[PDB]
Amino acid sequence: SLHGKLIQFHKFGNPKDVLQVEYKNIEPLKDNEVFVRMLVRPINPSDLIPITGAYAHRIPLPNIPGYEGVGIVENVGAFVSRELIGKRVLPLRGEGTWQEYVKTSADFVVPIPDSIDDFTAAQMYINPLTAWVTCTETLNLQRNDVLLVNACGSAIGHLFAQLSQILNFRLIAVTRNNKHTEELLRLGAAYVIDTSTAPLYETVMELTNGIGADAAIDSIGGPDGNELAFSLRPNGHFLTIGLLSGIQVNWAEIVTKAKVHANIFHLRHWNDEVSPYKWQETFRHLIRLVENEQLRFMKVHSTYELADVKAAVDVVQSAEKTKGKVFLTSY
């Protein structure tokens, strides 16, 4: 009987301690399911957070990590078109992707055109959808708005730089160092504030002629996030997308002292706030942007077979890690 390899953890903790390589028997498919043999998944920093137990109450154990990647449809359930078999797809919003075979509902299978290589496709979901949605919906940025983005040397940071050109707004990148400065400028960032060298609040004030920015996206929290919120104009919009520091911003002061609107963005929630139709249409749009070369993703850092996940994760978590995305491959 057909068996599939999978990466699983049975307890939360450091991924190096809890990740196991295992095998499972393959169950029959349910009526609306699509069964996909995986080719490539990225190791995103956001794939590791659930392993650590930060979301204990919503992640059942044991669990298969991985939110994204690309594969080939091998089989479909009774109610699904069998023309899908053989197609390259992202099997999203279903099972964990760090395994040999992934199932998800037909509703959330994203077709990938022959034009797009596996490694680009494997990066299409988490960072691009977050960047696109926050820009076009959550903040609904207008022509010439001034957007602040911290931790901007990240994958998503590089996308915000490109979206500023696509959507005609002004990005002020905020970074911890100068490691990504050249790349961010090339990609379209209007300015890069390197906070190891320049003061955040005062520089934004210079760049905006004392008005402050229109919107800000915080990935860090704590003192860094608070300073980012305070660099906005009154009635500007502050959005958090991450918590790298582990420390909540001072929500009360941001509202009463800085007079800004503040929200928290979760792709988890956005996914449930839109129809499957809209969700698919949004992917069709990102795919066009990639095809037209308006949007480009990170280059490949290194590649590892699924069995070597522990080594791969160590590279991702390493302080010396160089630029680019690490992938788990299954060719």
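When you see a residue number, it is the position in the sequence shown, counting from 1.
Between the stretches 112 to 120 and 245 to 253, it is 245 to 253 that shows the larger average CA temperature factor. Just going by the entry, 317 to 325 versus 20 to 28 on mean CA temperature factor gives the higher value to 317 to 325. Per the deposited coordinates, the residue with the largest Cα temperature factor out of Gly71, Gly157, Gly222, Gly96 is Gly222. Note on the listed residues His237, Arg88, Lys103, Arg143: the highest Cα temperature factor in the record is that of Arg143.
For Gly77, the recorded CA temperature factor ranks within the highest third of the chain's modelled residues. Ranked against the other modelled residues of its chain, the C-alpha B-factor of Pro128 as given in the entry falls in the lowest third. Annotation for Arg58: CA B-factor lies in the highest third of the chain's modelled residues. Sorting the modelled residues of the chain by their CA temperature factor places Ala258 in the highest third. For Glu182, the recorded CA B-factor ranks within the highest third of the chain. Only modelled residues enter the ranking.
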